Amino acid sequence: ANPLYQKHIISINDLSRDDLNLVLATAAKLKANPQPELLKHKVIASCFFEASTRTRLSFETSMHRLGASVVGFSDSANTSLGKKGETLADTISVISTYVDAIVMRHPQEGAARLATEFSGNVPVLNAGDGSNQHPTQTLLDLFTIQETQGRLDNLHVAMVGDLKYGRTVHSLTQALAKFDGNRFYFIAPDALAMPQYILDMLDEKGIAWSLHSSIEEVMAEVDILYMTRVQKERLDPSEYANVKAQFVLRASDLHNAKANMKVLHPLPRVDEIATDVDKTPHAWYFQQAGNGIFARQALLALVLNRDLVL
Amino acid sequence: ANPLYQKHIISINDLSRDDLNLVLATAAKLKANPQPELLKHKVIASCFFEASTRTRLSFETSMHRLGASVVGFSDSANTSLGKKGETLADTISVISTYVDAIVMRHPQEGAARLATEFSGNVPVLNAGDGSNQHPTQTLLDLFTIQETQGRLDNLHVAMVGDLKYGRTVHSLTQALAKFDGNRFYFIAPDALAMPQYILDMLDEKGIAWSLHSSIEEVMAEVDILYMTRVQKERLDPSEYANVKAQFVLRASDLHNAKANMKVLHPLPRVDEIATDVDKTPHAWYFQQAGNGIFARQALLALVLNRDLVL
Amino acid sequence: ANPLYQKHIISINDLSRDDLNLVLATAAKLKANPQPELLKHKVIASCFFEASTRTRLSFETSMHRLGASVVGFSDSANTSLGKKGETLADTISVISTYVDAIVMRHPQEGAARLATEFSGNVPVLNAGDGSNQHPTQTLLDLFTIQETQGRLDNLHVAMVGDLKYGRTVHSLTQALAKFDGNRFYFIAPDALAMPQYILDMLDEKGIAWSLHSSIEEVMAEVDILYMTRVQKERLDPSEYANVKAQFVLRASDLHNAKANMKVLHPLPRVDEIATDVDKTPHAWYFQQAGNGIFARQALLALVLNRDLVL
Amino acid sequence: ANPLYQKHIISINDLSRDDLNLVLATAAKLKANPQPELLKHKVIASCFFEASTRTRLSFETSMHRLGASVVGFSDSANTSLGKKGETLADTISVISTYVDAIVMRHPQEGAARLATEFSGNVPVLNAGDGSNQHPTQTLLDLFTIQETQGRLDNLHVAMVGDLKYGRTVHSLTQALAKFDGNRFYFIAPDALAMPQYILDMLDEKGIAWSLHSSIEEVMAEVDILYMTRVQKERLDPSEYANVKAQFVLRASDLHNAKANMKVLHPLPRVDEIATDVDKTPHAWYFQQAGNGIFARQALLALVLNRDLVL
Amino acid sequence: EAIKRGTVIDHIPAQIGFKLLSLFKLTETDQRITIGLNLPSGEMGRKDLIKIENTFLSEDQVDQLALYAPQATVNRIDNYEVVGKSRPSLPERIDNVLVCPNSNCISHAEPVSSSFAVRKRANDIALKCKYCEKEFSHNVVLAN
Amino acid sequence: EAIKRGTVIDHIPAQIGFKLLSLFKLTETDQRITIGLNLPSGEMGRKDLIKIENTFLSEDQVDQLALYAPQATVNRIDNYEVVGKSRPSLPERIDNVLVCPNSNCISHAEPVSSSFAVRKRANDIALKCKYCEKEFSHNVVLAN
Ligand SMILES: Nc1ccn([C@H]2C[C@H](O)[C@@H](COP(=O)(O)OP(=O)(O)OP(=O)(O)O)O2)c(=O)n1
Ligand SMILES: Nc1ccn([C@H]2C[C@H](O)[C@@H](COP(=O)(O)OP(=O)(O)OP(=O)(O)O)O2)c(=O)n1
Ligand SMILES: [Zn+2]
Ligand SMILES: [Zn+2]
């Protein structure tokens, strides 16, 4: 079988570089040659314990693109009046008798990992567990970088915004750090700096990174400008006002950008990316979202289908 | 391709009489000879930003009757604690990379039209935008009138109820006014009269209409009695009490109705149509709802399938 | 004892011209000569089954200015044991064994009147019952007119805004119609016209009134310009915008206003009175609100004391 | 008349050292010799646009201890007519025609200051405006320090906890900086450090301050240990656990504390002060809270009386 | 006074001058600009006028002036001396500058340009929003 | 073309005259106005110029330009003679024109005019909102 057949997809730290490359290669194939009946007769649970419309639609679309059937729910409503007094363990023990795979998003860290201990031979795919992991986001990010840059090695990658609390940038950094010669530029206010443990991981690997106060300091040498939302609910509104300008992008900021440079953003971008960026050849956040379909198909295909995709 | 292939379906004022006839003819065909695999391998977004169970089930049923897959959501919950700070533009920009068509209902007028500016080559079908348009309701209404009356020309059409605020009667009037020789009877309290701009449109076209205080004034010559819900939340309860009787129908009111006359109502009818009407041969509101399936199939088929239906 | 001693205060329709004059004369006296101990040792129930912060604070302040103690509640979407099961009748039967007077506001018409049937010898004062009465607003309105104009007869009174649904303007019109020689000017869109029953009442008393589409038509002659909010909640947003301009008042409109003319508004006034009116000598809506204190004091004093030495 | 008669009390930045001393001297006098009739016949508005039970009960109790009457509201997610439409300006313009003083707490910074621009000659007392000021907390804090230490100069004051977001510690630091020879010890995680603008202000006045990572470093010298809650709401739960231990205080930590040393905390204190501190002679947070009564009485008395015979 | 080339629009009503510069971005250029305001011309309320250097405006660009300044005249300059007089007609689309008065219209707070349709009436002009499809008097639209 | 009696604002940083006209509502009068942006500028590289007749600017009003044209020159003129030239100096308070960047400040959508205390720093100017008492760099305030 293929290396990922019947494996759980929980954390980027459990996927090797060969695993990542396999998912991306499979994604490229399906994009080029769709296989609308590959997962015919599979039933997949779309379990959004925490609601996330954008991520759920992406995942369920990917299921249907391979011909699978979908059952599911979306809570976030059930919370503390009772939520569900039933353990997650029991919920999974039940649901894993119904379906062929579980895709789940949950507000507590570790939830997907816990699921695997109760799902039997039913694979669990983590669609996000608290501030921990979100590997399918990282997989579509990587696929998008590889497609637009031709490689995942020797790149200049800038990450901007809330580097402190963004699970998505933590995970992308770990992922890119599995490849060689990548250089990072971290652009964040002090209250939102890339955490020390990420920097330490880079140090062990002998990977170069530098801190920068603004985007213009490095705009002329970056291949990927990866922007993130500033969880403004964390900051004082006056504090937000004062640092806002350093993590916002507009079209005029792009004058000296390389021709190959792409601007990514896991969305929503409401504050950080002006709409005049949208029609530059650098804007690639919507194409990025579109690649979620192919990355998520590849993962479902690899995990549910014994033989590799052609 | 057929005239409607890959077109957006936003407003009745954008559909010609030939367009309307094409949708209805296609609907007649599919009713007579179902095509359960026509849209196999299409994925359609069912986007109910404003919740509407009756309209959503009708639309999603129509999608499945042609073999399409469905992803979607229903909000109305997200409102003003944040709702979604993300622009509709961005939501559509994302979703249009996932799916082959978008069916959407929204509380703001113009929302579907705005969608088309961001959906790329992905068709948008308007399932209702505020107090503006609801063209698939008008299409199932028209199909129901054509089926039961044998024509859309030279009819006597009575509309009763909240003519002021009913988008559905405004749209049906505009639609019927594209055909010839139709005569209208408007039965509404003064606070809820058919708006002047509709009357002016009829005047330019040299179409006859008259105002009537009650249903009995015209019951003996109408071919279609189209009833609407009185949005009682607008009126004072005592005001509602005092005009109530003029827009309520019971079976005994039907003594001198033509044999061919049908009573339509887009539903719910809880107040306006007594349940003793239900078993008269004139009650046709449930058959009307049933025709929503065939009108909505025809529209999806025409928009997503290059070649005309046989 | 005085004609209002131990009387219920429910409806303007139950108060004679002499009753109105007695309340107003008493209000002027307490305004000039406060009696902070008049109601010492009285306990008054402030029962807002329907919340109204402005009306409640005004009424409770009045109670304290006469030295009374206050107990009560303001109710949102709730109740403890056991209303929503317990009748209003039982609630009043209980509360009337506690207190010396009941001030109540309620969402249903007739609530205060029903209360009088269960409160024994405890006087009930209606702080508003649904779309029916609000007699202490009318008393404070009348006190303000009398104080600024020196009289309640032979006045030119314009009323502008939502005349169809404003219980406050219906009540003020009824009240003013108990005096002689008043002339009315009604300025409202057709959809929100002063109701016919009001017009009939004026006709039967030979009281002159006329419709005008603009404030400019009456400004030179008006003594009191009474503005009322637009209940836009019942209206389409498009509709509310098409006839906004007809009841908006700004400082420039007062150029040919009589020296004595006052602008009144029961408040809140957003979208109707521009803030630039506030500084003119005609703006009197805040003074009107302040007059609520003296009108409500007079009422409590008259009702709870046999004879007032003032 | 006294320097605070009819003055608004909005910001610590508007109060001089002499103003502070006057409030404190008056508080000591009323504590020793209560004047339960000082404000007889005054009516005070307790306006908590933002709910705060502890602060409201404290303030209302103060009002009653001086014999004043009280009207007001505490607001959750609501309002009657017609705030959320009606401006704060109009609300104050109304309420200031009712009452003799306005005590207000509000979620937006500057709300109390704006109120003074509309309240005419009615004094406004700020019970807290967003992340800006809370001057009566600072007054009660200062009263407690003075009462227990006998002075407000030449003190060693440690502040521990969330120094970045605590409006209470910013304000207390500003206040203490109006006196001479005070030395500060700031004990906070880097993410929650006392802001630079505070540090600059101390630098400009030649006031000594230093950072310490543990309470143990300063315990032997501290006169006042002021603990402040951690706004963990802004923080990751993992983060809140990694630096919990740095601001937790327990009885064992007080072993080498000076006999005079007091522990203060504006409350609530969960997770910071172990209950075992409560019984030590240093625990003074409940006494601090009780002192709110005398500080707030003094303020009301000074503001509402020309001259105080005490 | 005079400019060698670019454009000069004249006979702008009083207190409409600055509004054109505002609405139509009429001064948003590194190219040279000279404007005259509350200028004497003939009538008591008189006139405003504008002059723009090295830039020309299309026939469609002229037409947007209609709603505010019907009586103007746009003028091309190629050497020193004029070439052709121009007059704004009612356009079929007024885009970008107007704001839909319907508060529930999707156009508010979305990355789209406003767009309306025009038609005459007794005492006013109807404008119809591209998005909400609602129709208002210009006097309603022109007060927001 | 030149002026007999009134005020001339010269050496205005280019493309700024229009802004000055907006912020300070200088076109809201009947007096004759003459403007030039990016003009024939011997005495500059690229500058703007505004003339307003029969109207005069006090010291504070002149100082309110300091943030938008700190090297402008305001000329007072009577009987065709320039009777006084003054340069904008940093005001201590700026009202009406700026918007507080704190989104939670009470000033937004309330009937009050903005107000900021001004104090110069090495490399920028600090502006402190009268209402929320927060202080921002002028670059933050001016941004929006
Ligand atoms: N290099 C140039 C050349 C000419 N003009 C303009 C300024 C005047 O507006 C115009 C004058 O010519 P007109 O045809 O406009 O004068 P009229 O004939 O229109 O005046 P009137 O309408 O009173 O007859 O020339 C200019 O600005 N710059
Ligand atoms: N009756 C007048 C006099 C002067 N000005 C203008 C022209 C200049 O732009 C400005 C200054 O007038 P000056 O005579 O002082 O011209 P300067 O060349 O001296 O200005 P500067 O001192 O900057 O060199 O005022 C004017 O419009 N009308
Ligand atoms: Zn619109
Ligand atoms: Zn502010």
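These values consider heavy atoms only, across backbone and side chains, with no hydrogens, waters or symmetry-generated copies. As the structure lists them, so they are numbered: ligands from 1, and atoms in each ligand from 1. Proteins come first, then strands; the chains are lettered A, B, ... in the order of their sequence lines, and each starts at number 1.
Looking at every heavy atom in both residues, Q31(F) comes nearest to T55(F) through CG-CG2, 4.2 Å. The heavy-atom pair separating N104(F) from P237(A) by the smallest distance is CB-CG, 3.8 Å.
Contact residues for ligand 1 (protein heavy atom closer than 4.0 angstrom to any ligand atom): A2(E), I3(E), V8(E), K51(E), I77(E), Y80(E), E81(E).
Legend: protein N/O/S atoms lying under 2.8 Å from the Zn ion (ligand 4), waters omitted, number 4.
No side-chain donor-acceptor contact under 3.5 Å links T73(E) and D10(E).
Relative ring orientation between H170(D) and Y197(D) is described as perpendicular, the plane-to-plane angle rising above 60° on a 0-90° scale split at 30° and 60°. Using cut-offs of 30° and 60° for the angle between ring planes, the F24(F) and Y68(F) rings count as perpendicular.
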CA sep, side-chain torsions, deciding dist, call: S11(D), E133(F), side chain to side chain donor-acceptor pair (under 3.5 Å):
CA-CA 9 Å; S11(D) 177; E133(F) 299 174 60; 2.7 Å; yes
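No side-chain heavy atom of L192(A) sits less than 4.5 Å from a side-chain heavy atom of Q231(A). No side-chain heavy atom of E59(E) sits less than 4.5 Å from a side-chain heavy atom of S86(E).
Judged purely by atom type and a 3.5 angstrom limit, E53(E) has no side-chain atom pairing as donor or acceptor with the backbone of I3(E).
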